[PDB]
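Only one chain is included here, represented as structure tokens and corresponding to the form deposited without the ligand.
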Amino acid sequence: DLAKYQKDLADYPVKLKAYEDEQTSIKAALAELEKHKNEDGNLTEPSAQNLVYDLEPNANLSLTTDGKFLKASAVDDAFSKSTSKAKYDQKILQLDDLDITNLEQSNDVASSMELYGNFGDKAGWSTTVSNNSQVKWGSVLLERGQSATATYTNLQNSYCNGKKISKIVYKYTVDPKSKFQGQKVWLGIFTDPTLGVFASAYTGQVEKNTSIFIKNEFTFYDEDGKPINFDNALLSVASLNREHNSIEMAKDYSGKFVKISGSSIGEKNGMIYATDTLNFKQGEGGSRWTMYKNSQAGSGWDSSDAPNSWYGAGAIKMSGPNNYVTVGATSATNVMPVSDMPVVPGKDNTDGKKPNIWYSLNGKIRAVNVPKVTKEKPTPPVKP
């Protein structure tokens, strides 16, 4: 420990300078950002990000549930049938077309979590959540009020105020107030916690006045297994899609909404969503940009890497060790009267939708050049 003390003593001046230099850099960054806070893609209230939590592709997932684990063979069989079959036959896993009716048989139930995705015997397949990149998920079948608790470990890239995040515990609960017509919800929980979850009650037909909402309760843990007390951490809520008949939203959250200037996403009645315009197709219902890639400038905003992904994103500023938010998709008719809605020629706002959603909660704030806090102030070493 004398040898370790001598090592920490030798390293201390370098660590202290690294901390002071980053603090100087952050203060300069925030001073410049104050001048651009009402320009497109900038936080309206400049802030650093002390939650460095962007990607964990090599994470390990352990899952408990009071619903049913689904066999990988059952998930495969369901993808191969009904509404997702056409894409499956083209080596594409189309999660938003999966008809969950083929996951509801007694023989589909596993005794423990099993992984599925475009790896192993499906290495080289594509998915709708990844393109070509590898994604893996564990699957559960839940009723209203049932949950799965995910424990993520083998984290490699993530820090909170310069403290390594070693474990994340996240409980996903089906909100009983969800309006989906079916009996069950499939949760596909990605092994990379930054990719979040695919939640579906889809039975192969669209539903009017429908919704699916998942409550999220999470605690982050340090290398000693102690909960990390967030201190104005920025939680990114990206990809909040609004079509003429469908709204994705966050609600019932433990913190304060943070606006990105120029974003479609705002806060109204304690809900975070595209409050005033659609965000699906440029020139439809007030949308500035098309969510999918086409010939139009700024098209394809709805991607992890798109420079204008902020168009469909906001953030929530959170403190404390235990945080929560409910995320889901709902028919527009559940949120507001038809008289209050954008009218798109040829599109009926009362059209049914699929009761499914892909969402994620992570530190990847979609505002431009938000400065990261990566260095903690070092503590003087104590001689034994």
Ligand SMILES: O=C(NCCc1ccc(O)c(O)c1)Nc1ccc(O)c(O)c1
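The first residue of the sequence shown is number 1, and the count goes up from there.
Just so you know, the form solved in complex with the ligand exists too; it's not on screen, but the next bit is about it.
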query: Which of 54, 39, 348, 45 has a heavy atom within 4.5 Å of the ligand in the deposited complex?
result: 54
task: Just give me the single entry in 290, 128, 161, 83 that has a non-hydrogen atom within 4.5 angstroms of the ligand in the deposited complex.
output: 128
message: Looking at 21-29, 358-366, 371-379, 8-16, which stretch has residues with any non-hydrogen atom within 4.5 Å of the ligand in the deposited complex?
response: 358-366
field: the ligand contact at residue 178 in the deposited complex, heavy atom, 4.5 Å
entry: no
- prompt: Should residue 189 be classed as touching the ligand in the deposited complex when contacts are defined as heavy atoms within 4.5 Å?
  reply: no
- prompt: If you check in the deposited complex, is residue 302 within 4.5 Å of the ligand, heavy atoms only?
  reply: yes
- prompt: Is there any non-hydrogen atom of residue 203 lying within 4.5 Å of the ligand in the deposited complex?
  reply: no
- request: Using the arrangement in the deposited complex, list in sequence order the residues of 222-255 with any heavy atom within 4.5 angstroms of the ligand.
  value: 239
